[PDB]
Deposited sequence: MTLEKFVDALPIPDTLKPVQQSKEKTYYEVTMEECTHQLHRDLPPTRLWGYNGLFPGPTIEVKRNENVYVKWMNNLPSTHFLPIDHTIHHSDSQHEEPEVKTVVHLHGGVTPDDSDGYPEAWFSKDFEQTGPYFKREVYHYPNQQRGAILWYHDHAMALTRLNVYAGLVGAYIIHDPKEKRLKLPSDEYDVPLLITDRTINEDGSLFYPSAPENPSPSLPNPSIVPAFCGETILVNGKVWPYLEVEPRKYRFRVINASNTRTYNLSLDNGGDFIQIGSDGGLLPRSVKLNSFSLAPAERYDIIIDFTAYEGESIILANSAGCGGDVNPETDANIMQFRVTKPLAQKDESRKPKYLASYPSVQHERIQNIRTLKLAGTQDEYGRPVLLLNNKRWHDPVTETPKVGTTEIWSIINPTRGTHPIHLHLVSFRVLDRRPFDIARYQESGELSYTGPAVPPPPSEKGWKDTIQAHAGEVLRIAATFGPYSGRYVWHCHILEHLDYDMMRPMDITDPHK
């Protein structure tokens, strides 16, 4: 296997605007097929990248900054990864793209609707396409966001190809907290990959030892990569100064959940979740990170000068974790001389509690994670046993607050994501799976459990564990329009665990 910790961690450059005034910031980002070396010992890999980079450029904005991004497709007309033609039926181009700013408080036509896709130079566009230049008003809490492809029936492929990047909203009001900043504030985009000897990406064309009933290529219900990359390098190292760093930890993997720790037994300090700063900082020895979740953390290397510390992983993917491979994420080497005094802080008091809000519960929505089997014998994962194309059923009214009760009778965790909003986690409660499957009756096998401190802030992607009912609360706004909610396991999303979400203005 590839030698661990021989390549330095890339830190994507911050994107520069094409035009900028006090009133408007204008960016251009072009999707390009490009080649990059992923490891010292590999030939360069063919990838799809925003501005031809993997990951794409980091975009940094201020809260309330009036931002526009013209996301453009300059990709080849044929994919290099295996397309399953059976999972969607519409004339249409093979390669479709659309960019979703994950966590963005964004008008619907700029949100990256799956059917708002476009081909090269916008030659062909999906039925819900409205505009070329996306508008991000950024009227939301400072937070770690990220952007990635969201094209109908292609998300697992386009994201795997390399179409992911970081987007950070800086609230000037947070500067007084003196959190680690500038070179001491570093995004970590974690992506698992399987790479062939010739350097080319491997993505399966079919399930392992496929049934003759299956089409070719065929979608698979999960992908587990043999290798872990951070910021587009296999098992990299980062030289750090002996001081406090802020890391924006982003799970940009298709399926894989990580459970992260430091191999010396040191602690993280979590300061933020998907939706921004937690009300209080939280000292953690480990944390779970499912696809699309973000942890905003401080690691304090002050007492560890000279040491090599591995960011380790205990969560398996399709089996037990391998100590020599996927148990490793990256290695910190505390060997960089201090550039200046560490004047950063790790404050306890960060933000207002979500519980300060006292919104009336307009609706309680009961939702189940289910599915069926297709003509080829493959599982089709479905929210409420409804297909993507079935008439919309999740229709919250703008400005109103709802409780969503997510029932998971399946065998695994699904990281559920709602567009537009960030939400509060209320509780999780275990139930009798067999009784639910047989009668549809919900019988609890234990008391409700409140969220861990890590989930007492704002979330937009939430782990709904097997055999539990998860309750969340969201205020639907400030915009009305057509959005989506879905599982962020991309192999599930594409077939067919995604539903429209209409925020209405009556």
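Note: segments 1, 92-95, 512-513 of the deposited sequence have no C-alpha coordinates in the structure.
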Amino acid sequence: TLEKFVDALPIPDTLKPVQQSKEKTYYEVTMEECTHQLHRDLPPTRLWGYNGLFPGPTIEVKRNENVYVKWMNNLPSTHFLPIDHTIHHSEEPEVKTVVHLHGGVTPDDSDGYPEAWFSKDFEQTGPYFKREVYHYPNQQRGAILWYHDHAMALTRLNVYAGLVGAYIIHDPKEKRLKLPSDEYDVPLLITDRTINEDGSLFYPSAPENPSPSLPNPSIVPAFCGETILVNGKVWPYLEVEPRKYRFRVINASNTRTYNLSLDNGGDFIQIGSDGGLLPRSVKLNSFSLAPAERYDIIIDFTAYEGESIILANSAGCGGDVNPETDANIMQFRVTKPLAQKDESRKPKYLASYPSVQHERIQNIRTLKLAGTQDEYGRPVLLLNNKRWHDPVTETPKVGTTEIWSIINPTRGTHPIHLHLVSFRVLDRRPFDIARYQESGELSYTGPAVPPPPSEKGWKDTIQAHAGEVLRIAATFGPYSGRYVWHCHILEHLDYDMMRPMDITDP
From here on, numbers count along this sequence of modelled residues.
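For the pair 139-147 and 207-215, the mean Cα B-factor is higher in 207-215. Looking at mean Cα B-factors across 398-406 and 287-295, the upper value is held by 398-406. Sorting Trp235, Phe202, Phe332, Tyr376 by the CA temperature factor given in the entry leaves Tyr376 at the top. When the C-alpha B factors of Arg243, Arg256, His88, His170 are read from the deposited coordinates, the top value falls at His88. The PDB entry assigns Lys22 a C-alpha temperature factor belonging to the highest third of its chain's modelled residues.
The deposited CA B-factor of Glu468 belongs to the highest third of values across its chain. Annotation for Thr445: C-alpha temperature factor in the highest third relative to the rest of the modelled chain, per the entry. Among all modelled residues in its chain, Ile271 ranks in the lowest third by Cα B-factor. In the PDB entry, a CA B factor belonging to the lowest third of its chain's modelled residues is recorded for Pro187.
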